[PDB]
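Protein chains in written order, with the entry's author numbering: chain F, 241 to 336; chain B, 66 to 179; chain H, 206 to 308; chain G, 264 to 368.
The structure appears right after this line, and notes come after that.
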């Protein structure tokens, strides 16, 4: 009995990894509105030759590639803005 | 009584109801897990009918929580970029700010002292 | 007499399982290998289809490799002590309001 | 406990024989295909979902430190904003009257 137990439980664990929360789905996203900051419009009006970003909604449906391109450019702009900053390390004491 | 207690303690591994109780609880744990597996046999054979179909990609329901959460985090990014931009530009994160609160907490402290 | 009785009882409790146990564990090992394979062969990165589904998959893979290299250059921070310090600063804002009223 | 264990092992042997017959008629028969969704395709998946989870906690990290910075700026505005207002004009002259009474000593 002990042998069989030691020979199954880990496998049971990964079964518990896969047959867990198998009842999750998405919801409606049409209620989300758009208030785009105009600096993004400036940046997409600056570099049409390099930035091949399409519309967020084409044919009335969401385009994931274009919005991931937009978040990628947001992260890259953030990267320029933080590498302009000279700070490197962050340290805080919560005991205080 | 020395012999009787000796034979009672020598048989502690299998006879007494304690270890029987723990092996019983392991049995109900195994039975509950395998019953939760077995109740969804039609769902399991629905998983089994999903090979490497590049034309009709077989998404599942466990990963929906991840994609919902990352989509909502993207939405919260797009909603308030401007606040994050003004927050990073005016003052450094927990640097100059961290310093000034330690020196300016002392003014409320001393105000309480008066 | 009583020890032989309880021993005999656990013999008929234990005996039928040992024969089926070998087949049970071998078929469980094979089906767990199959479960590992089918868990290891469910690619989920897609939305409402643009172009082809596999082309959308690979485009998302390339974009998230770019995102992962940008993250690996920029991985700093935590998540729970931020919640704790937010909670305590909110509490001390409340304390500031009450001490002003008390003053 | 004896009745419980015999009933539990009876139902457990029932579950064993059920699992055997389910594997023999439907599960292993699905696995009986000569190409059983070939296992070299298996390790290929270890770039999508684990990376998705990694990106998940990385986004919660980045928003968490962003909210930390926002609350830092808010606390900067509170500390440097001089939250005490000395009660306008009547309270400040009344407080001045308390200090003229205090230096009566």
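Cβ atoms here follow ideal geometry from the backbone N, Cα and C, with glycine treated the same way.
Whole-Å CB distance - residue i paired with residue j, under 8 Å assumed
| i | j | result |
| --- | --- | --- |
| residue 276(H) | residue 286(G) | Going by Cβ atoms, the distance from residue 276(H) to residue 286(G) rounds to 43 Å, so no, they are not a contact pair. |
| residue 338(G) | residue 166(B) | 6 Å |
| residue 253(F) | residue 283(F) | Contact doesn't hold; Cβ gap of about 48 Å is too wide. |
| residue 251(F) | residue 237(H) | 4 Å |
| residue 110(B) | residue 289(G) | 6 Å |
| residue 294(G) | residue 272(H) | Not a contact, Cβ separation roughly 37 Å. |
| residue 112(B) | residue 227(H) | Not quite, the Cβ-Cβ distance comes to about 27 Å (not below 8 Å), so this is no contact. |
| residue 301(F) | residue 253(H) | 6 Å |
| residue 120(B) | residue 258(H) | 7 Å |
| residue 152(B) | residue 327(G) | Going by Cβ atoms, the distance from residue 152(B) to residue 327(G) rounds to 13 Å, so no, they are not a contact pair. |
| residue 240(H) | residue 317(F) | Going by Cβ atoms, the distance from residue 240(H) to residue 317(F) rounds to 44 Å, so no, they are not a contact pair. |
| residue 158(B) | residue 330(F) | 7 Å |
| residue 259(F) | residue 101(B) | 7 Å |
| residue 280(H) | residue 321(G) | 6 Å |
Partners in chain H for residue i, counting only beta-carbon separations shorter than 9 Å
| i | result |
| --- | --- |
| residue 264(G) | None at all; the shortest Cβ gap to chain H is about 12 Å. |
| residue 296(G) | Those do not exist, as residue 296(G) stays about 11 Å from chain H at its closest Cβ, beyond 9 Å. |
| residue 284(G) | The premise fails here: residue 284(G) is roughly 11 Å from chain H at the closest Cβ pair, so nothing lies under 9 Å. |
First and last residue of the uninterrupted alpha helix (DSSP H) at residue i
| i | result |
| --- | --- |
| residue 84(B) | 82-103 |
| residue 311(G) | Where residue 311(G) is concerned, there is no enclosing alpha helix (DSSP H), given that its DSSP letter is neither H nor E. |
| residue 69(B) | 67-75 |
| residue 131(B) | 129-144 |
| residue 258(H) | 258-278 |
| residue 244(F) | 242-246 |
| residue 276(G) | 265-285 |
| residue 297(H) | 285-307 |
| residue 168(B) | 161-178 |
| residue 365(G) | 353-365 |
| residue 251(F) | 249-258 |
Three-state class that DSSP yields for residue i in the structure shown
| i | result |
| --- | --- |
| residue 286(F) | coil |
| residue 302(F) | strand |
| residue 297(F) | strand |
| residue 213(H) | helix |
| residue 248(H) | coil |
| residue 370(G) | Here chain G comprises residues numbered 264 to 368, so residue 370(G) is not present and cannot be evaluated. |
| residue 265(F) | coil |
| residue 58(B) | Past the boundaries of the shown model lies residue 58(B); chain B is included only from 66 to 179, so the question cannot be answered. |
| residue 109(B) | helix |
| residue 252(B) | With chain B covering 66 to 179 only, the question about residue 252(B) has no answer from this structure. |
| residue 333(F) | coil |
| residue 228(H) | helix |
| residue 277(F) | coil |
| residue 253(H) | coil |
| residue 303(G) | helix |
| residue 341(G) | helix |
| residue 347(G) | coil |
| residue 324(F) | helix |
| residue 221(H) | helix |
| residue 206(H) | coil |
| residue 150(B) | helix |
| residue 291(F) | coil |
| residue 282(H) | coil |
| residue 156(B) | coil |
| residue 328(G) | helix |
| residue 115(B) | coil |
| residue 368(G) | coil |
Within 9 Å, strictly: CB atoms of residue i and residue j
| i | j | result |
| --- | --- | --- |
| residue 305(F) | residue 268(H) | yes |
| residue 302(G) | residue 131(B) | no |
| residue 264(G) | residue 86(B) | yes |
| residue 122(B) | residue 249(H) | yes |
| residue 127(B) | residue 267(F) | no |
| residue 208(H) | residue 124(B) | no |
| residue 293(F) | residue 265(H) | no |
| residue 170(B) | residue 343(G) | no |
| residue 276(G) | residue 225(H) | yes |
| residue 310(F) | residue 281(F) | no |
| residue 245(H) | residue 299(G) | no |
Beta-carbon neighbours of residue i, restricted to chain F and to distances below 8 Å
| i | result |
| --- | --- |
| residue 281(H) | 330 |
Beta-carbon neighbours of residue i, restricted to chain H and to distances below 8 Å
| i | result |
| --- | --- |
| residue 301(F) | 253 |
Under 9 Å by beta carbon: chain B residues contacting residue i
| i | result |
| --- | --- |
| residue 332(G) | 149, 152, 153, 156, 157, 158, 159, 162 |
Any non-hydrogen atom of the ligand MG closer than 8 Å to residue i Cβ
| i | result |
| --- | --- |
| residue 267(H) | Although the ligand MG was asked about, the structure shown includes no ligands whatsoever. |
Neighbouring residues, chain C, relative to residue i (Cβ below 7 Å)
| i | result |
| --- | --- |
| residue 102(B) | The chain inventory of the structure shown lacks chain C, comprising the protein chains F, B, H and G. |
Interface residues of chain G facing residue i [CB-CB closer than 8 Å]
| i | result |
| --- | --- |
| residue 290(H) | 331, 334 |
Neighbour list for residue i in chain G, Cβ cutoff strictly below 9 Å
| i | result |
| --- | --- |
| residue 249(H) | 311, 312, 315 |
| residue 239(H) | 290, 291, 293, 294, 299, 300 |
Chain-ordered neighbours of residue i on chain G, where CB pairs are closer than 7 Å
| i | result |
| --- | --- |
| residue 275(H) | Correct list: empty, because the minimum Cβ distance to chain G is about 10 Å. |
Neighbour list for residue i in chain B, Cβ cutoff strictly below 7 Å
| i | result |
| --- | --- |
| residue 267(G) | 89 |
Under 8 Å from the C-beta of residue i: neighbouring residues of chain B
| i | result |
| --- | --- |
| residue 281(G) | 103 |
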